[PDB]
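What is reported rests on the model, the rules as stated and the sources as named; these are not laboratory values. Note that each Cβ is placed from the backbone with ideal geometry, even for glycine, and that neighbours are counted across all protein chains shown.
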Amino acid sequence: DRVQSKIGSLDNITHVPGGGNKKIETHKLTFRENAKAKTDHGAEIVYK
Amino acid sequence: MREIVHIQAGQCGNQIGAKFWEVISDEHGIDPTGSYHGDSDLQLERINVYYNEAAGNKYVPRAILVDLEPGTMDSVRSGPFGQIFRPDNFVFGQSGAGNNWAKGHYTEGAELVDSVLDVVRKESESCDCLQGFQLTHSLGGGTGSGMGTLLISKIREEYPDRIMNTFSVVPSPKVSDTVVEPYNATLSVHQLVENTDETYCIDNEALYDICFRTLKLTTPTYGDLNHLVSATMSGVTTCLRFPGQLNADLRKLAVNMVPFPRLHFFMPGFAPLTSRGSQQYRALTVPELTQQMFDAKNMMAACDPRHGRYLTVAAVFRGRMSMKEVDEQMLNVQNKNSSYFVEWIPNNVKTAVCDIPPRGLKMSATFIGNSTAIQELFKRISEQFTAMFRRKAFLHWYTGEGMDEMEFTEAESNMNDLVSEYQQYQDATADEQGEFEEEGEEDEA
Amino acid sequence: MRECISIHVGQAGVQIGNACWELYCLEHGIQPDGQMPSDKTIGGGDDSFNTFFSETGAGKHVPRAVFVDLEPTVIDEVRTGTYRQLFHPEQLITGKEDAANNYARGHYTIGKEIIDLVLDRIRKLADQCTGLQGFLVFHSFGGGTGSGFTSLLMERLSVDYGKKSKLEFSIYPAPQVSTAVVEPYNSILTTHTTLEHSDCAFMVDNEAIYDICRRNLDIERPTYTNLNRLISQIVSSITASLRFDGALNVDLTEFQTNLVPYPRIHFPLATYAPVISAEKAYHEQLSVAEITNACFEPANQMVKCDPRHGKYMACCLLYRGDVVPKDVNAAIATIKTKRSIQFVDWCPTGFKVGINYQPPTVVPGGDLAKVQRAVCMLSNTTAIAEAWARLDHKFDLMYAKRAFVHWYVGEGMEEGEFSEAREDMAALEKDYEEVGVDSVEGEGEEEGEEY
Ligand SMILES: Nc1nc2c(ncn2[C@@H]2O[C@H](COP(=O)(O)OP(=O)(O)OP(=O)(O)O)[C@@H](O)[C@H]2O)c(=O)[nH]1
Ligand SMILES: Nc1nc2c(ncn2[C@@H]2O[C@H](COP(=O)(O)OP(=O)(O)O)[C@@H](O)[C@H]2O)c(=O)[nH]1
Ligand SMILES: [Mg+2]
């Protein structure tokens, strides 16, 4: 049978992505919108 | 009237135990027979904080001693002050712990926790008002580590609305004292993060710097280290025992110092510390305290906190100090280190000022900080874990106690979450207004 | 209140028992007749001797120890010997004919006959204890009883006591010396058995110690009697905690959690420092750090395989006498710093540390002199795969011819079992080799900018 190690260090290679866990701040999402447009025109406006 | 239970567990835990019980007893003029002899009426005044009365001017501490072997506790019972303790409160096995935290949490500490809770029921019901438990253990150890985790897992639900104050010596930043340090510590925090209200991180390697640098000792013992953390413990609990100008107890300290329910990992520091010579070659004042209290090399965690930001600080002074000279040095720090605090918590300092100094000192301060820098420890602990666990090495001694090979990964997943919580708050920004696009318009030509 | 059982098996084992217990009496201030020097009470309390001796009579201290060889000579020389009043005669157990360097006699056709007699006296010494810690077992690999009756005993001990630790303490066969031809067959036939039953084994080697005796100790003409007295100074320092209080303490159930990353790799090597004449200690000071570096020098190792030839996995330091814990932390950190003192590329926390307050005493008039501080060390390392490869090659060369086989198979042992023992050691060669891999899990290796 040509023989191999009785131990087997490879087993945790079954573990899943990841890598790591979270982050999640406690109540708000400030600047995730990455600074695109949020308004239209601009300068002098209307009148009737 | 207001009361504390003390617990000591594991070798380190019963050495800082035997030295805290020298420190606090001598600070009360409790004799080594257990006789009260205090040289102030103010020592007898709050003696019920740490002791219970017995027959004929005798007292016993509300201290409970745990081990899985007789061997450390025999040296308590024979060593100095050994006779203050109730021998019922000596709760020890004949089994060993093997540096195996599972051997404590699941099996041979599990064969004795009911005999510990026995002494918690006897002693905690001496208390008019229990405020909290004070527990000196290991974290990287197998004994203290493995005993506090299951113990809190029961004290945290008998007594859910008391406080839970932990002093834990941690794995070293450059060496090992024990091989399995990364495993015991990762698995202990997975229990304790959920269930403790306070954990000091205490580092020998930080202490050994102090012994070289501030105390200037040639052969520093453990006894020398143990007098500094027991002076810490006595110090932080000074306003619990004596009058002051700015009182605080464990509940007042935790609400100012724990801003989110997992961020209760603290470094201490202590002032003054000099050598037996160098004392004579500086002054001693409120600013001379503060000069050493903030100073990163003197922290008893070797994190060099100038890597990170303080959320919260506590300063617990002893001896006659003048309020404006304290208040303004706490702020001088804050302005002149303004880059080293969190954004969204201003007025960062809880200041407490008490009348009665230490024995053999005129003034001192105890420093307690909370900085996201504390990630330095737990990061090495995680990296030294997966290094071991990627191959499932040492596991067979833990499954030999029933521990599931999955809870090693539940702890790793918890360690990823917890460590990432320091990073999500480190230099985290505040809620304010954004950018606005604007430019001139034609009126004239 | 907690206790240890010692067992001496084969002529090595017995002769170390006749060296170690001698030291253990001096280390406790006990006399060669198991008395204290006096009747009248002096001091108060321990009496820290409970873990080693059962107290009887008028305060006669009986060592917790069973002795076995299948020749009576070696135990008759204790029964008539200097320590004839220290040991108990039921615990001095003899055979009728030695296993004669044949494992199959040792393990089966002779050794079968007194196994229950030995185990019953072991029962009787366990029922004497207040809290059994486990077994420390002494042999060689060369012996037919040192192999055959050790392996048989550890099979039986696991029936009677299950998980209770069993630690081996063994004359590992030399790289170029042997005292016997068939040593490589007794050497495997025990190991094939005890890997699936003992919890650690701590090796030490004749030829290695001979080299140290000459080079370091300045002993031109060393005996076995020096050898076993240097070996007793090893196990005195592996059991200092179980005998004295100390700054750091290390129980018998610690060392396996520390030293054994997988149950197949349970074979550290034991080293001790300093080892010199008095005449050389007058040109030295022998600091903590000095003596701790001396425990790593290849010329000082007491198994002769060179520790440059592989990678550390596990270490335990065991100090005595004038040592403080900072000095040690700095001795360890600067050895850790040396990546020449190389560790397996997965190990982070390589060291465990013990510190006893009490110095080693020596025997009077003899070759071993006093120091102010001393260190033993226990270390598991990939470099010993060259000596396991020596035990491969030595087996393979004679077994290809079936040389000496008829002695073992004439005790009814089978050619099938003989081949499985060699196959288990071909697996062991791949066990050492895999822990030697730098945790490779793809098709190459990687690095940062610089090491
Ligand atoms: N250090 C040391 N090694 C010894 C001593 N006695 C014998 N040896 C070693 O023990 C091994 C051979 O074992 P034997 O001496 O034949 O003892 P045994 O186990 O009783 O042999 P059997 O005749 O099979 O019972 C060799 O490695 C010898 O060097 C001793 O006093 N000290
Ligand atoms: N500060 C200090 N550290 C100690 C002392 N005794 C042990 N240690 C350290 O505590 C850590 C935990 O070890 P130990 O207490 O032996 O583990 P346990 O008894 O299995 O919990 C290690 O870093 C030891 O070196 C002590 O008295 N003081
Ligand atoms: Mg024999």
- [ ] Scan segment C:55-81 for residues that are within 19 Å of C:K124 (Cβ to Cβ) and among the polar types (S, T, N, Q) and report the count.
- [x] 1
- [ ] Using the structure shown, decide if B:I368 is more than 13 Å from chain A (Cβ to nearest Cβ) and assigned to a helix (DSSP H, G or I).
- [x] no
Task: Residue that is more than 14 Å from every other protein chain (Cβ to nearest Cβ), at negative phi, in a helix (DSSP H, G or I) and out of contact with any strand residue (DSSP E or B) (no Cβ under 6 Å at 6 or more places or on another chain), where the choices are C:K401, C:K394 - done: C:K394
- [ ] Run C:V66 past the list (1) within 23 Å of the chain's Cα centre (by Cα); (2) within 14 Å of another protein chain (Cβ to nearest Cβ) and report the number of the one that doesn't hold.
- [x] (2)
Open item on the list: For the structure I just gave you, tell me whether C:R123 is away from ligand 2 (no atom under 16 Å from the Cβ) and without any contact (Cβ under 8 Å) to a residue 60 or more places away in the chain.
Closed with: yes
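Quick grid of which residues meet (1) within 14 Å of chain C (Cβ to nearest Cβ); (2) buried (at least 21 other Cβ atoms within 10 Å of the Cβ); (3) out of contact with any strand residue (DSSP E or B) (no Cβ under 9 Å at 6 or more places or on another chain):
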| residue | (1), (2), (3) |
| --- | --- |
| B:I210 | yes, yes, no |
| B:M233 | no, yes, no |
| B:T238 | no, yes, no |
| B:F265 | no, yes, no |
| B:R276 | no, no, yes |
| B:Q279 | no, no, yes |
| B:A283 | no, no, yes |
| B:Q291 | no, no, no |
| B:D295 | no, no, no |
Open item on the list: Take the conditions of a type outside the set (D, E) and free of Cβ contacts under 8 Å to residues at least 12 places away in the same chain and apply them to C:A333. Does it pass?
Closed with: yes
TODO: Determine, yes or no, whether B:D114 is acidic (D, E) and in a helix (DSSP H, G or I).
DONE: yes
TODO: Having 1 or more residues that are in the same structural domain as C:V62 (by CATH) and within 10 Å of ligand 1 (Cβ to nearest atom) is the bar; report the helices (runs of 4 or more DSSP H) wholly within segment C:96-203 that clear it.
DONE: C:144-161, C:183-194
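If I filter segment B:51-68 for residues that are polar (S, T, N, Q) and more than 27 Å from C:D46 (Cα to Cα), do I get at least one hit?
Yes - at least one qualifying residue is present in segment B:51-68.
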Task: Selection status of C:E71, farther than 24 Å from C:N186 by Cβ and outside any helix (DSSP H, G or I) - done: no
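Is it the case, given these coordinates, that B:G141 is more than 10 Å from chain C (Cβ to nearest Cβ), assigned to a loop (DSSP other than H, G, I, E, B) and either surrounded by 21 or more Cβ atoms within 10 Å (Cβ to Cβ) or away from ligand 2 (no atom under 15 Å from the Cβ) (or both)?
So B:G141 passes the test.
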TODO: Might you check whether a residue that is among the β-branched types (V, I, T), in a helix (DSSP H, G or I), outside the structural domain of B:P171 (by CATH) and in contact (Cβ under 8 Å) with a residue 60 or more places away in the chain occurs anywhere in segment B:383-393?
DONE: no
Open item on the list: Here is a list: C:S48, C:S38. Which entry is closer than 26 Å to B:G93 by Cα and part of a loop (DSSP other than H, G, I, E, B)?
Closed with: C:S48
- [ ] Determine which single condition C:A100 fails, assuming it passes every other condition in (1) surrounded by fewer than 24 Cβ atoms within 10 Å (Cβ to Cβ); (2) within 13 Å of ligand 3 (Cβ to nearest atom); (3) on the phi < 0 side of the Ramachandran plot; (4) among the aliphatic types (A, V, I, L, M).
- [x] (3)
Open item on the list: Name the single residue that is nearest to B:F389 (Cα to Cα) among those in segment A:14-48 being within 8 Å of chain B (Cβ to nearest Cβ) and of a type in the set (A, V, I, L, M, F, W, C).
Closed with: A:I24
- [ ] Kindly indicate which of C:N216, C:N249, C:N228 is under 16 Å from C:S48 (Cα atoms) and either away from ligand 2 (no atom under 16 Å from the Cβ) or assigned by CATH to the domain that holds C:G13 (or both).
- [x] C:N249
TODO: From the list C:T349, C:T334, C:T361, pick out the single residue that is in a loop (DSSP other than H, G, I, E, B) and either crowded, with 21+ Cβ neighbours inside 10 Å or within 13 Å of another protein chain (Cβ to nearest Cβ) (or both).
DONE: C:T349
Task: Residues satisfying the stated conditions in segment B:406-430, i.e. free of Cβ contacts under 8 Å to residues at least 40 places away in the same chain and at the interface with chain A (Cβ under 9 Å from one of its Cβ atoms) - done: B:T409, B:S413, B:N416, B:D417, B:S420, B:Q424
- [ ] Filter segment C:267-284 down to residues that are buried (at least 20 other Cβ atoms within 10 Å of the Cβ) and either among the charged types (D, E, K, R) or not in a loop (DSSP other than H, G, I, E, B) (or both), then give me how many there are.
- [x] 5
- [ ] Scan segment B:148-173 and report the pairs whose first residue is closer than 22 Å to B:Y106 by Cα and not assigned by CATH to the domain that holds B:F92 and whose second residue is assigned to a helix (DSSP H, G or I) and basic (K, R), with Cβ atoms within less than 9 Å and a gap of 6+ or a chain change.
- [x] none
Open item on the list: Can you pull out every residue in segment C:292-325 that is more than 13 Å from every other protein chain (Cβ to nearest Cβ) and of a type in the set (F, W, Y)?
Closed with: C:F296
- [ ] Can you tell me which residue within segment C:237-264, out of those that are part of a loop (DSSP other than H, G, I, E, B) and of a type in the set (S, T, Y), is farthest from the other protein chains (Cβ to nearest Cβ)?
- [x] C:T239
